[PDB]
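Peer 1: Right, I'll just put the structure down here and ask away after.
Just so it is clear, none of the values below were taken in a lab; they were calculated from the coordinates. As a convention, Cβ positions derive from the backbone with ideal geometry for all residues, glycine included, and neighbour counts pool all protein chains shown.
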Amino acid sequence: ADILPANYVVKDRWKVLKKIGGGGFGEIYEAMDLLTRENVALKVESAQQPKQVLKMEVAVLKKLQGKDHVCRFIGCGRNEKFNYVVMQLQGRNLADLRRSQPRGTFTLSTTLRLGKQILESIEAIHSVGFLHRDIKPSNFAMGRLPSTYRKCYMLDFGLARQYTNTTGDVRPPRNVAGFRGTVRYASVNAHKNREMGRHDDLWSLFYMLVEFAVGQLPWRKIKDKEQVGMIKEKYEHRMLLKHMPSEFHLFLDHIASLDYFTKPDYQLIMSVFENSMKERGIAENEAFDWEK
Ligand SMILES: Clc1ccccc1Oc1ccc(Nc2ncnc3[nH]ccc23)cc1
């Protein structure tokens, strides 16, 4: 049922090695680039699939070129069977790296330094007028080159939505927007089926970094969206910070105060991480947990 068979060759250049990712919206392959001789990420969707996402992904991926923490754009194309985008292949996914950890926790050193990079990548996609709307560990991966193995990359834009018009004015929010992202890391605004803003990506970051440093969220073994929403709406979020650096109270207080229209203070949140590291002699050149 795969769109492309193993060893299938696209535009006489990208040879399919294997499927690496799947789901109702399209498929990701590792391919060999027959020109440059490196392996690449090949994303395909059926030409027939009623919901066409790749055109979104390509537009966002092209707007972000020159920014760090984004895959290099290699190619894109349509035809009778599928559309495709070719981009730089990245390495180990943050979801897998967390799961590999003895306690399913990262050190604070790993956590805070991943935080800085993911926050940069969130500021980046916001700066070109898009929300990610599915910030979660599996949407980030570390590099697979001598030049990138300590760099964290935002992988996918399949759920992104433009929050601006042409001028950089914020779009009117719909009265209701059905939340489409991952239950675990969704803001209370997303659970309430409200138009997501930039703050909702920063909510997802907050929940992700707590899960990194502590190893679980309180609503961990709940897959029912509405249940998870009711737990979050009531949960005393300061509790989440019991075993986090105190500077995170600034992060929490800031994002709790934002609405759909308001531009977040990204430097406030960047400062939380840097001040947290500094208090604790955490250097930028420290091994990540999965090294040694
Ligand atoms: Cl779906 C999943 C769940 C949990 C852990 C790993 C997973 O597998 C993938 C597989 C591929 C990707 N994406 C990518 N990977 C590697 N290089 C890439 N360049 C651009 C995208 C891309 C993401 C998760």
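Peer 1: Charges only on Cβ, +1 for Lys and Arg, -1 for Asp and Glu: so what's the dipole of the chain about the Cα centre, in debye to the nearest 20?
Peer 2: Around 600 debye, computed over the chain.
Peer 1: Regarding the stretch 91-292, what's the average projected area of the Cα-atom convex hull, expressed in nm²?
Peer 2: 11.6 nm²
Peer 1: Next question, about the same structure. With no solvent and one point on each alpha carbon, what is the Debye value of log10 I(q)/I(0) for the stretch 5-122 at q = 0.16, 0.19 Å⁻¹?
Peer 2: Evaluating at q = 0.16, 0.19 Å⁻¹ gives log10 I(q)/I(0) of -0.87, -1.10.
Peer 1: Among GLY181, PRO5, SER147, whose Cα lies farthest out toward the positive end of the dipole of the chain, if unit charges sit on the beta carbon of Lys, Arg (+1) and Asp, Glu (-1)?
Peer 2: Farthest towards the positive pole: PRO5.
Peer 1: On to the next question. Using each residue's phi in the stretch 256-264, evaluate 6.51 cos²θ - 1.76 cosθ + 1.60 at θ = phi - 60° and report the 3J(HN,Hα) Karplus result to the nearest Hz, with x for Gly and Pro.
Peer 2: Residue by residue, the stretch 256-264 yields 5, 8, 6, 10, 3, 7, 8, 6, x Hz.
Peer 1: Follow-up question, since we're still on this one. Say we join alpha carbon atoms closer than 10 Å with springs in a Gaussian network model of the chain; which of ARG133, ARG78, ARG37 then has the biggest fluctuation?
Peer 2: The residue that fluctuates most here is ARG37.
Peer 1: To continue, here is another question. Can you compute the charge dipole magnitude of the stretch 211-272 about its Cα centre, using +1 on each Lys and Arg Cβ and -1 on each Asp and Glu Cβ, nothing else charged? Give it in debye, rounded to the nearest 20.
Peer 2: Around 300 debye, computed over the stretch 211-272.
Peer 1: Compute and list, largest first, the equivalent-ellipsoid semi-axes of the stretch 229-285 from the alpha carbon gyration tensor, each √(5λ) rounded to a whole angstrom. Could you put the intermediate results ahead of the total?
Peer 2: On the way: eigenvalues 112, 57, 11 Å².
Over the Cα atoms of the stretch 229-285, the ellipsoid semi-axes are 24, 17, 8 Å.
Peer 1: Here is a follow-up. Please identify, among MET196, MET230, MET142, the residue showing maximal mean-square fluctuation in a Gaussian network model of the chain using a 10 angstrom Cα cutoff.
Peer 2: Among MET196, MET230, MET142, the largest mean-square fluctuation in the Gaussian network model of the chain belongs to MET230.
Peer 1: Treating cross-link reach as a plain straight distance, find the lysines whose alpha-carbon is under 17 Å from the alpha-carbon of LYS11, omitting any fewer than eight places away in the same chain.
Peer 2: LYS43, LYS81
Peer 1: Right, here's the next one. Quick one: give the max-minus-min coordinate of the C-alpha atoms of the stretch 194-277 along each principal axis, largest first, in Å.
Peer 2: Projected onto its principal axes, the Cα set of the stretch 194-277 covers 35, 32, 17 Å.
Peer 1: From the cross-link list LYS15/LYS292; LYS232/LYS278; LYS18/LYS62; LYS116/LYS225, which pairs have alpha carbons spaced over 27 Å apart?
Peer 2: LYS15/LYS292; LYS232/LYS278; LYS116/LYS225
Peer 1: Take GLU284 and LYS263, extend 7 Å from each Cα along the Cα→Cβ direction, and tell me the distance between the two endpoints in nm.
Peer 2: 2.4 nm
Peer 1: Now, a different point. Hey, how many Å between the Cα centroid of the stretch 273-289 and the Cα centroid of the stretch 124-143?
Peer 2: Distance between centres, Cα-based: 23 Å.
Peer 1: Now, a different point. Which of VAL58, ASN83, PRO102 sits farthest toward the positive end of the charge dipole of the stretch 38-148, with +1 on the Cβ of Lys and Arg and -1 on the Cβ of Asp and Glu?
Peer 2: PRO102
Peer 1: Report the Cα centroid-to-centroid distance between the stretch 199-221 and the stretch 1-71 in angstrom, as an integer.
Peer 2: 29 Å
Peer 1: Okay, moving on. Under the Karplus relation 6.51 cos²θ - 1.76 cosθ + 1.60, θ = phi - 60°, what is the ordered set of whole-Hz ³J(HN,Hα) values for the stretch 202-215, x standing for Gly and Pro?
Peer 2: With coefficients 6.51, -1.76 and 1.60, one gets 6, 4, 4, 4, 3, 4, 4, 6, 4, 4, 3, 7, 10, x Hz.
Peer 1: Another one. Grab the DSSP H runs of the chain that are 4 residues or longer, score each as -39,500 (n - 2.57), total them, divide by all residues and round the 222 nm result to the nearest 500 deg cm²/dmol. Don't jump to the answer; show the numbers that get you there.
Peer 2: Details: 8 runs with 92 residues, N = 292.
Per the formula, -9500 deg cm²/dmol.
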